[PDB]
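Participant: A single structure is presented below for examination.
Chains as they are written, first to last, in UniProt numbering: chain L, 1 to 338; chain S, 1 to 338; chain E, 1 to 338; chain R, 902 to 1001.
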């Protein structure tokens, strides 16, 4: 039933852009990333890469990725699609421009596939942190505990909660179209695609053509080697210049919509309760920083919130009205006084 | 020599268990992780996986590993075994269910081989800290310095210091036994292994057989599809059910017993000494936090010790009774005054 | 061009020294790391390995590596060369002994290709800290923002700002040369070599010779085989025994000298001013810990400088004399009062 | 020349996670009362506190309240975040300071 998303699959094409830190510098990688949404709880991150992986050229090979190299696209294997942070991540799912993965906390996020003879990596600076849902500020999803209503990105892809617009792309330059005709510059076409064309010298001023030659200018460096190729539209990225004509249709659903799932949260060890005369002593040992809250049941609340990390001993004046305390994400408990 | 530990080699067989974070979710990986033992000084880790690393089927191929793929095992090479934490680790030795490695400090531990078409990794939330031998709170073993009596796991395996019980595993369900005899649910056998068998509906109630057929029930999701296969024994894991028949013996030696070895420890830069009347002035330029302690040799000890991280200059009132101080792990020094 | 560096390209020889953490313990790795120089700003590291990168044995190349296995330089295609830190790095360029890479913050640096049947890696304990140029204690070079005169290492190689020594190699020991002929020990030389014969038995102790044999001594373990290969020269490394002769000259230019380049620095969000009677309420929303400096413009400077990380509102008493404040990398500004 | 434009649009996560400002009034309280009087030994009545509404479940009929204390733990301005309630003073609509 994965063939009901052809609007993303067919109407969209692979895309390339300014990666800020492509390898050792700022090259123009085919997998330039943008709008990483690290706002869930379970450590999952949604990344919108410029490359649009999904089905193959026509309709098949979900397990293949299709990026754009030079003038043309190239659908190849997805063998070494790598997503990294301060520590290496682990892929979960991918669809269209968006790839869903979970990462450990870190200061930067990197994405890189493998063509096989090439590395082709890209990264960006972006704070990534993940506080688990609950009162126990842990740092890795535990094996057991109690469940709470966290916020997490949907594991599925066939959803239409939100949409992203895909208009016609804007013309890209490519001076390799400007071949040499022994003494003049000679532009040639990819498939009959539109080539907006003109040089600093006065010559052909629009360019909507097959392979033209240049009468006036000679050096390729002063000529508009542009390709208007909106046979397959792209997302209105901030790294691609705008098509002056119009913003075409192609409203595309967001693949991984955040949903309110139920993550499994940690549970702190139960405190050792020791009773005295009209005072409650809580002998406890926290495994990870947990805040405990106390609240008197009388007219005056006298609340107290205190995160504790090292093992500590605390006291509480339990009045005749009574006292209640919440240690970690355990259910609240109340107490008497004689 | 290496074939003198057949108690574990032939008599034990790896099984599959419930990894907390297998791949991306809670799957049942064959490399399920148990009993991460981060107690050595030099950051050495022992891991007990449910997969059996070491010899081949009978007695050979130290460079091979054996895991369990469904109801049967398939020994392969150790081609791309990797144990990982916040930063990738470096494996030292593998034997039986246990792996020895040297990991950087970090909060999560992962173990994963590479079958070649799939990764099949596992990970568990379990912090691993670094505890430098001595009084110098370094982060990695230096290339020089004075050695100290640390405690560390030994790379050797031919030891008999400790044992762990290896009883007959509990039985395992395999719904792929429950084929269809065109209209009834139908159970085969792996090699004549004992197939405990029964359905919700009244039919054959024990199952100690070759390949049976069902007379009564119809649905494969309403029959017990079990395999008692204790011709080969398994570890007393807390993730497998225990066969109610009886608990077998057959305890085998633990591979890596902790030993009282001698690790190299860092040596802090020596202080610059300066002095005034009955007054030591001490210049310190630590590179890493190192504990300084001082002790007056008079009737009153008057001790003083403090961790110092930033470069600092301190003083000490040196009485005629004299004063001792121990910067880092340098031999203690002592003094008189005018 | 590339071939205009014959002094290091032709004459140098990949040497092997004592890596401190070669895999499990301190072996003798061909990539023994030396002189890690992480003194740049943007996080670029220069590493002087013991292997010789770039040049094939056959004059010059760049897609190849020369490392010394045994007595011979078994050069190969450089293919999977790792440069690791707390997180894996991304190398920029490699030239002979030196390899320039960009790393994330960490406390250990490890280098290693993986020749395939074997790994041959090496690490060393050395903290690496990356202070971005400017007033904002950032972590990674951002996509945008102002630029400042940083200092770092050029990727260019054809420089002669600094030189390093390179003299005759020392007497490398090789036990494998002390073969026996069932009656006496036989020495051997591969090609053009001139080994030294030394044995415990009372005999000729000097034994400088080409292919030859012992006089009387018979016990291999009671002899020494020193090898002389003065045809090439090696770096003056502190982990290699000095040759007993002259300091042969030849200044190998340092491929990557520091230069005064321009790095992109982060740009803190604009403060929200709110004027108040002779008081400047300043709303601040820092993204990363950024320095805030202010000073009165009157006779008394009244300086104030304090790092601010968590968003907070600070206020200052702007007198009629005037007040100046420099928030982050923004240009300084001034204010009055009524 | 480059013509760059940008506008702020609420995140996709707003559909699930979003704070809710609330201004509250006195309202009217309700109670569930169980009366096991006489020989009937049972009641399961939901009742109000206004001093007029009768409650005639089973056979008996009764009237409850009004409460002696007008104490309301809620303040005039209340902020609700998913599951927990905070009596934070949200400024007003269309006046929020940037960053706050």
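Here a beta-carbon is modelled for each residue, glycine too, at the ideal position from N, C-alpha and C.
Near residue 189 of chain E, which residues of its chain fall below 7 Å by C-beta distance, leaving aside the five closest residues on each side in sequence?
Facilitator: 195, 210 and 211, listed in sequence order.
Participant: Is residue 48 of chain E closer than 8 Å to residue 24 of chain L when the C-beta atoms are compared?
Facilitator: Result no, Cβ atoms of residue 24 of chain L and residue 48 of chain E do not sit closer than 8 Å.
Participant: Mind listing, in chain order, the continuous beta strand (DSSP E) runs of no fewer than 3 residues lying wholly within the segment 906-994 of chain R?
Facilitator: Whole beta strand (DSSP E) segments, 3+ residues: 920-924, 931-934, 946-949, 978-982 and 985-987.
Participant: Count the other CB atoms, across all protein chains shown, that sit within 10 Å of the CB of residue 908 of chain R; report buried if there are 16 or more and exposed otherwise.
Facilitator: So residue 908 of chain R ends up on the exposed side.
Participant: Between residue 67 of chain E and the rest of its own chain, which residues show a CB-CB distance below 6 Å, the 5 nearest in sequence each way excluded?
Facilitator: Cβ neighbours of residue 67 of chain E beyond the five flanking positions: 14, 30 and 51.
Participant: In whole angstroms, what is the alpha-carbon distance linking residue 94 of chain L and residue 79 of chain E?
Facilitator: Taking the straight line joining both Cα atoms gives about 29 Å.
Participant: Using a Cβ-Cβ distance cut-off of 8 Å, determine whether residue 30 of chain E contacts chain S.
Facilitator: No, no contact with chain S.
Participant: Closest to residue 222 of chain E by C-alpha separation, out of E:315, E:202 and E:241, would be which residue?
Facilitator: When only C-alpha atoms are compared, the closest one is E:202.
Participant: Does the beta-carbon distance from residue 255 of chain L to residue 157 of chain L come in below 8 Å?
Facilitator: Yes, the pair counts as a contact, with Cβ atoms nearer than the cut-off.
Participant: Using a cut-off of 8 Å between C-beta atoms, extract the partners of residue 285 of chain E located in chain R.
Facilitator: Residues of chain R passing the Cβ test: 999 and 1000.
Participant: Using 8 Å for Cβ pairs, my map puts residue 11 of chain L next to residue 233 of chain L. What's the rounded Cβ distance?
Facilitator: Indeed they touch by this definition, with Cβ atoms about 6 Å apart.
Participant: Over the uninterrupted beta strand (DSSP E) stretch that includes residue 291 of chain L, give me the two end residues.
Facilitator: Unbroken beta strand (DSSP E) run through residue 291 of chain L: 290-296.
Participant: Just grab the DSSP bridge partners of residue 361 of chain L for me.
Facilitator: Outside the modelled stretch of chain L, which goes from 1 to 338, sits residue 361 of chain L, for which no answer is possible.
Participant: Can the beta-carbon of residue 291 of chain E be found closer than 8 Å to that of residue 307 of chain E?
Facilitator: Contact: yes.
Participant: So, does the segment 318-336 of chain L touch the segment 111-123 of chain L, judging by three or more C-beta pairs under 8 Å?
Facilitator: The answer is no - the segment 111-123 of chain L does not touch the segment 318-336 of chain L, with fewer than three Cβ pairs under 8 Å.
Participant: Confirm, please, whether the CB-CB distance from residue 284 of chain S to residue 303 of chain S is below 8 Å.
Facilitator: Taking 8 Å as the Cβ cut-off, residue 303 of chain S and residue 284 of chain S do not qualify as a contacting pair.
Participant: Looking at residue 949 of chain R: is its Cβ nearer than 8 Å to the Cβ of residue 965 of chain R?
Facilitator: Yes, Cβ-Cβ distance for residue 949 of chain R and residue 965 of chain R is below 8 Å.
Participant: Determine the DSSP secondary structure at residue 90 of chain L, reduced to helix, strand or coil.
Facilitator: Residue 90 of chain L falls in the strand class under three-state DSSP.
Participant: Under 7 Å between beta-carbons, which chain L residues line up against residue 918 of chain R? List them in chain order, please.
Facilitator: Going along chain L in sequence order, the residues near residue 918 of chain R (Cβ under 7 Å) are 151.
Participant: What is the rounded straight-line gap between the Cα of residue 62 of chain L and the Cα of residue 88 of chain E?
Facilitator: Approximately 30 Å between the Cα atoms of the pair.
Participant: Counting only runs that start and end within the segment 191-254 of chain E, where is the beta strand (DSSP E) found for 3 or more residues in a row?
Facilitator: Those beta strand (DSSP E) runs which fall completely within the segment 191-254 of chain E and span 3+ residues are 196-199 and 223-227.
Participant: Report yes if the CB atom of residue 141 of chain E is closer than 8 Å to the CB atom of residue 21 of chain L, and no otherwise.
Facilitator: Closer than 8 Å, so yes.
Participant: Tell me which residue opens and which closes the alpha helix (DSSP H) that residue 6 of chain S is part of.
Facilitator: Segment 6-9, the alpha helix (DSSP H) holding residue 6 of chain S.
Participant: Would you call the CB atoms of residue 243 of chain S and residue 171 of chain S closer than 8 Å?
Facilitator: Contact: yes.
Participant: According to DSSP, is residue 299 of chain E part of a helix, a strand, or is it coil?
Facilitator: In the structure shown, residue 299 of chain E sits in coil (DSSP, three-state: anything other than H, G, I, E or B).
Participant: Closer than 7 Å, Cβ to any Cβ of chain R: which residues of the segment 249-274 of chain E, in chain order?
Facilitator: The residues in question are 272.
Participant: Please classify residue 176 of chain L: does DSSP put it in a helix, a strand, or coil?
Facilitator: Helix at residue 176 of chain L.
Participant: Using a Cβ-Cβ cut-off of less than 9 Å, give me the residues of the segment 70-91 of chain S that come near chain L, in sequence order.
Facilitator: Going along the segment 70-91 of chain S in chain order, one finds 84, 85, 86, 87 and 88 with a Cβ nearer than 9 Å to chain L.
Participant: Looking at residue 278 of chain S: is its Cβ nearer than 8 Å to the Cβ of residue 319 of chain S?
Facilitator: Cβ distance < 8 Å, so residue 278 of chain S and residue 319 of chain S count as in contact.
Participant: With DSSP run on the structure shown, which of helix, strand or coil describes residue 285 of chain E?
Facilitator: Residue state, collapsed to three classes: coil.
Participant: Beta strand (DSSP E) containing residue 107 of chain E: first to last residue?
Facilitator: Where residue 107 of chain E is concerned, the enclosing beta strand (DSSP E) stretches over 106-112.
Participant: Against chain S, does residue 107 of chain E count as a neighbour if the rule is that its beta carbon must be under 8 Å from one of theirs?
Facilitator: Yes - at least one Cβ of chain S is within 8 Å of the one on residue 107 of chain E.
Participant: Can you look up residue 50 of chain L in the DSSP assignment and give me helix, strand or coil?
Facilitator: Of the three classes helix, strand and coil, the one that applies to residue 50 of chain L here is strand, per DSSP.
Participant: So which residues of chain S does residue 143 of chain L contact, with C-beta pairs closer than 8 Å?
Facilitator: Within 8 Å Cβ-Cβ: 20, 124 and 125.
Participant: Taking CB distances under 8 Å as the criterion, tell me whether residue 116 of chain L reaches chain R.
Facilitator: Not closer than 8 Å to any Cβ of chain R, the Cβ of residue 116 of chain L fails to qualify, so no.
Participant: Secondary structure at residue 307 of chain L, three-state DSSP: helix, strand or coil?
Facilitator: Residue 307 of chain L: strand per DSSP, three-state reduction.
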